[PDB]
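Asks: sharing the initial chains of the complex here, in place:
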Amino acid sequence: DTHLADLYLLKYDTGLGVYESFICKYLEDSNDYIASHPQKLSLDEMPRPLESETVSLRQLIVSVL
Amino acid sequence: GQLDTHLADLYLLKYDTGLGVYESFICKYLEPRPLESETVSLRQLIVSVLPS
Amino acid sequence: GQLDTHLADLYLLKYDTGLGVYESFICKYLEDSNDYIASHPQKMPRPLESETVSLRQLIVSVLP
Amino acid sequence: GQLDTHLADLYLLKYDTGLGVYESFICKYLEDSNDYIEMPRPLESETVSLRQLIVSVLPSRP
């Protein structure tokens, strides 16, 4: 069952007593290269999108039936 | 009417990762809202249908 | 404004241009509000394909 | 850049099913990378019509 794309469910607390929810396509790729820390020399893999402490992210996958 | 709703509530969302870079997304808001937060910024997308 | 309505009815779509090449798209189907056969006296999944258009539905799942 | 690429080649696509109804989709066109053994694209057909969906981005609010 071949993987076509990823989507992300993003949820974040505003600061005003409500959270906001979005279904999202991550803006990336064309190149899709391996990804590493933007602030450190290490080549250890750090997959994108990077997560924030203030934003909940869950990944979904879109595949062909 | 259904086209209008499908093309509505679309956003460019950008968040601060805490690692000195932003991540950006094209999104549908799952419904002035949506509100931003300190680390999440929003830009509304508008869709025009070119007539044929 | 909820997850299942936005993510339902996603398709790959391919059609014959009649000019020697096929066009492909990744798509969201726009369900018709009313059923065009609702009141036909001789009352078929939707979306329907055609002689020149093929569809393959997509599946959304959670990253395991 | 990434944005412009993502927002390119979006279409409202409508086709004649041959059964008295037309089906409509909002779509991303998949650019044809085949090297055939050179027309403008995507092409409509007798039964498929296309309208371009053009996306503009508003400034970020205050």
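Replies: Done, it's in. Residues are numbered from 1 along each chain as shown, chains lettered A, B, ... in the order given.

Asks: hmm, stretch A:34-42 touching chain B?
Replies: Yes: against chain B, stretch A:34-42 shows contacts by C-beta under 8 Å from any C-beta of the partner chain at A:37-39. C-beta: built from backbone N, CA, C; applies to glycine.

Asks: by neighbours, which of the residues you listed wins?
Replies: residue A:37 (15 neighbours; other C-beta atoms under 10 Å in any protein chain shown).

Asks: ok, now how distant is residue A:13 from residue C:62?
Replies: Using C-beta to C-beta, to the nearest Å, residue A:13 is found at 22 Å from residue C:62.

Asks: check contacts around the spatially most central residue of chain A.
Replies: The centroid of chain A falls nearest to residue A:49 when counting by C-alpha atoms, centre = their mean (3.7 Å). Listed by C-beta atoms under 8 Å, 6 or more residues apart in numbering or on different chains, the contact partners of residue A:49 are A:8, A:26, A:28, A:57, B:17, B:23, B:25.

Asks: the closest residue to residue A:19 other than its chain neighbours: neighbour count?
Replies: Nearest non-adjacent residue to residue A:19, counting by C-beta to C-beta, 6 or more residues apart in numbering or on different chains: residue A:13, 5.0 Å away. By the measure other C-beta under 10 Å, the count of residues near residue A:13 is 15.

Asks: wait, residue A:13 touches residue A:54, no?
Replies: Yes: because the distance of 7.1 Å satisfies C-beta atoms under 8 Å, residue A:13 is recorded as touching residue A:54.

Asks: which bits of chain A sit near chain D?
Replies: A:25, A:27-30.

Asks: with adjacent residues omitted, what lies nearest to residue A:39?
Replies: Once flanking residues are discounted, residue A:39 sits nearest to residue B:20: 5.3 Å by C-beta to C-beta, 6+ apart.

Asks: so how far is stretch A:43-51 from its chain's centroid?
Replies: 10 Å (C-alpha atoms, centre = their mean, to the nearest Å).

Asks: please enumerate the strands of chain A.
Replies: Using DSSP state E, the strands of chain A run over residues A:3-13, A:19-26, A:55-64.

Asks: each with direction, which strands does the longest one pair with?
Replies: Looking back up the chat, that one is strand A:3-13. According to DSSP bridges, strand A:3-13 forms sheet pairs with strand A:19-26 (antiparallel), strand A:55-64 (antiparallel).

Asks: slot chain E in:
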Amino acid sequence: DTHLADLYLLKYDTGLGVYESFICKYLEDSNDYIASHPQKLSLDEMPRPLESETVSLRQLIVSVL
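Replies: Adding chain E to what we have so far:
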């Protein structure tokens, strides 16, 4: 062990009593979309590169240690 790229070992009989061998990068992607028959309406998957009857192709994968 994360997959980075594919390479192809291509070998073909010339017609003059010798075969030629090459180690190759396939020119594709940027988009990397699912691939189907170039001459038929079917959306059945037909992964690229397509093979020829006259060219032997074996795929290698490049990954990070």
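
Asks: how many neighbours does residue A:53 have?
Replies: Other residues within reach of residue A:53, judged by other C-beta under 10 Å, total 9.

Asks: now it: phi and psi?
Replies: Backbone torsions of residue A:53, given as degrees, to the nearest 10, read phi -70, psi -20.

Asks: related to what we said a few turns ago, quick check: the gap between the residue nearest to the centre of chain A and chain C.
Replies: Taking C-beta to the nearest C-beta, to the nearest Å as the criterion, residue A:49 is separated from chain C by 13 Å.

Asks: contacts only, for whichever residue of chain A sits closest to chain D.
Replies: Here chain A gets closest to chain D at one residue, residue A:27, 4.4 Å apart by C-beta to the nearest C-beta. By C-beta under 8 Å, 6+ apart, residue A:27 lies in contact with B:24-26, D:2-3, D:6.

Asks: please apply the same query to residue A:20.
Replies: By C-beta under 8 Å, 6+ apart, the neighbours of residue A:20 are A:11-12, A:14, B:29, B:33-35, B:40.

Asks: name the nearest of these relative to chain E.
Replies: residue B:29 (27.0 Å).

Asks: is it true that residue A:23 touches residue A:9?
Replies: Yes: counting by C-beta under 8 Å, residue A:9 is a contact partner of residue A:23 at 5.9 Å.

Asks: ok, back up a step: and the two most separated of the contacts of residue A:20?
Replies: A:11 and B:33 (13.8 Å; C-beta to C-beta).

Asks: just the terminal-to-terminal distance for stretch A:50-60.
Replies: One end of stretch A:50-60 sits 15 Å from the other (C-alpha to C-alpha, to the nearest Å).

Asks: how about residues contacting that stretch?
Replies: So stretch A:50-60 is contacted by A:6-13, A:38, A:49, B:15-19, B:21, B:23, B:37-40, C:7, C:60-63 (C-beta under 8 Å, 6+ apart).

Asks: give me that answer again for 6 Å
Replies: Contacts to stretch A:50-60, defined as C-beta atoms under 6 Å, 6 or more residues apart in numbering or on different chains, come from residues A:6-12, B:15, B:17, B:19, B:39, C:60, C:62-63.

Asks: how about residue A:5: which residues does it bridge to?
Replies: residue A:62.

Asks: was I right to think it contacts residue A:62?
Replies: Yes: assessed by C-beta atoms under 6 Å, residue A:5 is found in contact with residue A:62 at 4.4 Å.

Asks: let's add chain F too:
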Amino acid sequence: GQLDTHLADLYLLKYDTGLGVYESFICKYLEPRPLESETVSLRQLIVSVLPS
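Replies: Next up, chain F placed on what we already have:
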């Protein structure tokens, strides 16, 4: 001398799939040769090193 050898014997290779499309590759020849065939066409790549 070793740079020259590494930048040598590079080709754009294109073959007829039999399905009405060509497939193309950037390649190193594993060594006038290489010869083409009826379905495989070759173009030599040349690499210039811009001085600094």
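
Asks: please look at the contacts of residue A:20 again, because chain F has been put in.
Replies: Neighbouring residues of residue A:20 by C-beta under 6 Å, 6+ apart: A:12, B:34.

Asks: and if we set it to 8 Å?
Replies: Residue A:20 neighbours (C-beta under 8 Å, 6+ apart): A:11-12, A:14, B:29, B:33-35, B:40.

Asks: what's the answer for residue A:37, then?
Replies: With C-beta under 8 Å, 6+ apart, residue A:37 has these contacts: A:44, A:46, B:19.

Asks: mind running it again at 10 Å?
Replies: A:43-46, A:50, B:19-21 (C-beta atoms under 10 Å, 6 or more residues apart in numbering or on different chains).

Asks: repeat for residue A:36
Replies: Residues in contact with residue A:36 (C-beta under 10 Å, 6+ apart) are A:42-48.

Asks: neighbours of residue A:57, just the number please.
Replies: 18.

Asks: an error on my part: the question was meant for residue A:64.
Replies: 18.

Asks: with residue A:24 instead?
Replies: 24.

Asks: one more: residue A:45?
Replies: By other C-beta under 10 Å, 11 other residues sit near residue A:45.

Asks: test my guess that it contacts residue E:63.
Replies: No: with contact defined as C-beta atoms under 10 Å, residue A:45 does not count as touching residue E:63 (11.4 Å).

Asks: tell me, what's touching these two both at once?
Replies: Contacts common to residue A:45 and residue E:63, judged by C-beta under 10 Å, 6+ apart, are A:34, E:2.

Asks: quick one: contacts for residue A:39?
Replies: So residue A:39 contacts B:19-21 (C-beta under 10 Å, 6+ apart).

Asks: and residue A:62, by the same measure?
Replies: A:3-7, A:25, C:7, C:10, C:26, C:58-61.

Asks: do the same with residue A:29
Replies: Counted by C-beta under 10 Å, 6+ apart, residue A:29 has contacts A:5-6, A:48, D:2, D:5-6, E:29-32.

Asks: and residue A:51, how far is that from chain F?
Replies: The gap separating residue A:51 from chain F is 36 Å, by C-beta to the nearest C-beta.

Asks: that residue - how many residues pack around it?
Replies: For residue A:51, using other C-beta under 10 Å, the count is 15.

Asks: likewise residue A:7?
Replies: As a burial measure, residue A:7 scores 20 neighbours (other C-beta under 10 Å).

Asks: in contact with it, which residues?
Replies: A:23-26, A:58-62, B:25, B:27-28, C:6-7, C:60 are the contacts of residue A:7 under C-beta under 10 Å, 6+ apart.
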